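Chain identifiers are assigned alphabetically (A, B, ...) following the order of the sequence lines, protein sequences preceding nucleic acid strands; residue numbering begins at 1 within each chain. Atoms considered below: every heavy atom in the structure, side chains included; atoms not considered: hydrogens, waters and symmetry mates.
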Amino acid sequence: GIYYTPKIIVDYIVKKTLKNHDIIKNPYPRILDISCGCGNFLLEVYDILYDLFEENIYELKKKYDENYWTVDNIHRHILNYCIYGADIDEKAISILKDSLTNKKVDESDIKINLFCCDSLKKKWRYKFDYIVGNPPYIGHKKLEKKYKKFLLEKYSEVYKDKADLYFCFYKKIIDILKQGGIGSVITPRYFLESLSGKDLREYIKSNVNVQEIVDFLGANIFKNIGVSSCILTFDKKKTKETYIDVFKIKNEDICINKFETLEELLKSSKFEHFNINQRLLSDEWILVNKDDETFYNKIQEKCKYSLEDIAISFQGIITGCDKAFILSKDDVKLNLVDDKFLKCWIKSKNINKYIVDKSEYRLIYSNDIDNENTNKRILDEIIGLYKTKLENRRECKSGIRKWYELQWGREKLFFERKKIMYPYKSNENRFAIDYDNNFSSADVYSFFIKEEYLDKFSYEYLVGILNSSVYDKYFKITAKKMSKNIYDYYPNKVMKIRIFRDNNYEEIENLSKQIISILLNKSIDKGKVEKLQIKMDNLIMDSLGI
DNA sequence: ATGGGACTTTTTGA
DNA sequence: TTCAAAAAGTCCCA
Ligand SMILES: OC[C@H]1O[C@@H](n2cnc3c(NCCCc4ccccc4)ncnc32)[C@H](O)[C@@H]1O
Ligand SMILES: [K+]
Ligand SMILES: [K+]
């Protein structure tokens, strides 16, 4: 339903927009929260406004109607002309209306600008000086399909495919912000790097000046909520400089109440600060300090190939109901399944650097079951146990897929070959050579080398550089940060990784072969692997001139 | 009970 | 026909 923003963040966002407002020049500022809820932001806006008017009451009295500008009239003026809110939930609006009314503690029917409505559909009849708040976050699975049709038709500039509802709130906030106005919101951080956020990033960069980005990375800002947050402050002021302040957290384990204010935390050693030229932003926003930019640019300039140039990428199997098709390799039910139907099956946790654990699970590649009479035992006793849920998959409702078939069985011959596999979400680079024809779900991605690039790049060389500390840091510069100690390792970024080939190729490959050989023996002395990795990292840093 | 850690399905638009 | 993206993740315990 409704999510509670921490008070320290609310106060920071309100101060960000109002701390330098010239109330003498403009005593009628319009401040709007478009998903105000119970008024976490708007009630704080009231307090800031009240002090602002009271500190300058005599100056306003002298400059303007001296009967209008009294301390006793500040409450009425704020509610009539300054505070605006919208929310879909009428109970929240009712509570906020009482809270705003009780700030005074009837005289005559004071009107409060609170709208119970869908903020994305409301005919907004004027623009606003300042916009603050915390919009709803709803992804592609959890957003109602009927509503998505409206968003795709009307918010197509920021919303396509797997985009999120809060993209549209960025759009609406920008569109109804007054010229010279200031907006400050807390949203998920994912749009900063995600493929879905590309159009939204283009919309922001070309319509507002981004003053500041506070990136909390994987820190837990909302207690008991699995989301990662950032704060964006932007304006429509005519400026020539357009440089962004970026505050990036250093330690994700920090608790947000370290000081009384967020400014103390931002200026502390817990955060790093650097500046980014908004004019230099491409479709991607590479937000790193100068040392990392130099590091990243050296590697990009030195590497003449990308993984996409040399490799074929694919996502793993999607059965659509794992419990129906995935069995423990020691399950007695597998005696019913001819081994021609059985594939080795691994999870993301089975991928280490350079090699995969031995599989403990088997997939029934049910697409190869010819019909329901020749293998009735498998259908009745294993797969049919989940027949109702299997029939509710989209391709079964439409008749594209039989009820016992895998939803997305892919191509078997893609998996039954030497290939490289990596987990879809990890704390570090973990690229392994698969020797055992392992299948996997979508928590593991795979690629193999194009035949015309085999004489330039071997699998052993590739897992060598890809698992190095250099490439771990290099990938994480632009990688999508998901939660604490987790990055997405998806092809839309993994395949952009650039690779090189030079005089160190042979020794890097040989070091990788030694690592693999040690990792695969029984009396495993894991320690020497670390020494070999350090030597390989030195060769790689020498190659890339870092 | 909360807060922190290990781990990751299938729905969905294109 | 069939690809790949998506954390207001999910679930557990001390
Ligand atoms: O969570 C943050 C706050 O945000 C409010 N809020 C959500 N969503 C809209 C909204 N429009 C989008 C509607 C999306 C939708 C479509 C179908 C069914 C259910 C939701 N407009 C104004 N406040 C909103 C919530 O009430 C809450 O207080
Ligand atoms: K006057
Ligand atoms: K988080």
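Ring centroid separation for the pair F115(A) and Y84(A) does not come in under the 6.0 Å cut-off. Ring pair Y137(A)/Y3(A): centre-to-centre distance not below 6.0 Å. The aromatic ring centres of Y203(A) and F167(A) sit 6.0 Å or more apart.
Note that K121(A) lies in the cation-pi zone of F150(A), set by a 6.0 Å cut-off to the ring centre and a 45° limit from the axis.
Ring geometry for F457(A) versus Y453(A): interplanar angle of 30 to 60°, hence tilted.
Rounded to whole angstrom, the span from the CD atom of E405(A) across to the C1' atom of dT2(C) amounts to 13 Å. To the nearest angstrom, P of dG3(B) lies 12 Å from CD1 of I225(A). We find that CZ of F216(A) is positioned 18 Å from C1' of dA7(C), with the value rounded to whole Å. Atom-to-atom, CG of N224(A) to P of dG4(B) comes out at 10 Å; the value is rounded to the nearest Å. Here the P atom of nucleotide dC3(C) and the CZ atom of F447(A) are 19 Å apart, to the nearest Å. Rounded to an integer number of Å, the gap from NZ of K480(A) to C1' of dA4(C) is 12 Å. The distance between atom CD1 of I138(A) and atom P of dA5(C), rounded to the nearest whole Å, is 23 Å. For the pair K496(A) NZ and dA4(C) P, the computed distance is 14 Å after rounding to whole Å.
In this structure, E90(A) places its CD atom where only 12 or fewer heavy-atom neighbours from other residues, nucleotides or ligands lie under 6.0 Å away. Counting non-hydrogen atoms of neighbouring residues, nucleotides and ligands closer than 6.0 angstrom, the CD atom of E452(A) exceeds 12 such neighbours. The neighbour count for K15(A) NZ, taken as heavy atoms of other residues, nucleotides or ligands under 6.0 Å away, is above 12.
The same atom, P, is picked in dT10(C) and in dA6(C); the two are 15 Å apart, to the nearest Å. With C1' as the reference atom, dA8(C) and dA14(B) are 26 Å apart, rounded to whole Å. The same atom, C1', is picked in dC11(C) and in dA1(B); the two are 16 Å apart, to the nearest Å. Using atom P as the reference point in both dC12(C) and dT10(B), the two lie 16 Å apart (nearest Å). Across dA7(C) and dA6(B), the matching P atoms stand 23 Å from one another, rounded to whole Å.
Among the protein residues, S228(A) comes within range of no part of the nucleic acid, since none of its heavy atoms lies under 4.0 Å from any strand. Nucleic acid contact class of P491(A) (heavy atoms, under 4.0 Å, all strands): sugar-phosphate only. No engagement by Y166(A) is indicated, since no non-hydrogen atom pair under 4.0 Å with the nucleic acid exists.
The side chain to side chain donor-acceptor pair (under 3.5 Å) test with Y490(A) singles out one residue from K480(A), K425(A), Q315(A), and that residue is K425(A).
Ring-to-base geometry does not place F222(A) in a stacked arrangement with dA8(C) (centre distance under 5.5 Å, plane angle under 30° required).
Within the structure, side-chain hydrogen bond (donor to acceptor under 3.5 Å, both in side chains) contacts touching residues 153-164 of chain A (residues at least two apart or in different chains) are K160(A)-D199(A).
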Parsed dot-bracket for DNA chain B after applying the Watson-Crick and G-U rules with both distances under 3.5 Å and | for other-strand partners is .|||||||.|||||
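For the adjacent pair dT8(B) and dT9(B), the base rings do not count as stacked by a centre distance under 5.5 Å and plane angle under 30°. Using a cut-off of 5.5 angstrom for ring-centre distance and 30 degrees for interplanar angle, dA5(C) is classed as stacked on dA6(C).
Neither OP1 nor OP2 of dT12(B) sits under 4.0 Å from any side-chain N or O of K149(A). Applying the 4.0 Å criterion to OP1 and OP2 of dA5(C), one finds that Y190(A) has every side-chain N and O outside that range. For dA6(C), one of the phosphate oxygens OP1 or OP2 lies less than 4.0 angstrom from a side-chain nitrogen or oxygen of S196(A).
If you check distances only, the side chain of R410(A) does reach the base of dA4(C) with a donor-acceptor pair under 3.5 Å.
Both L195(A) and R401(A) sit near DNA chain C, but only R401(A) has its closest nucleotide nearer the 5' end.
Contact of the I364(A) side chain with the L342(A) side chain is registered, since non-hydrogen atoms from C-beta on lie closer than 4.5 Å.
A positive value of the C1'-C2'-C3'-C4' dihedral assigns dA6(C) to the north, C3'-endo side.
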Which parts of nucleotides 5-11 of chain B does protein reach within less than 4.0 Å, heavy atoms only, written one letter per nucleotide 5' to 3' as B for base, S for sugar-phosphate only and - for none? S-BBBBB
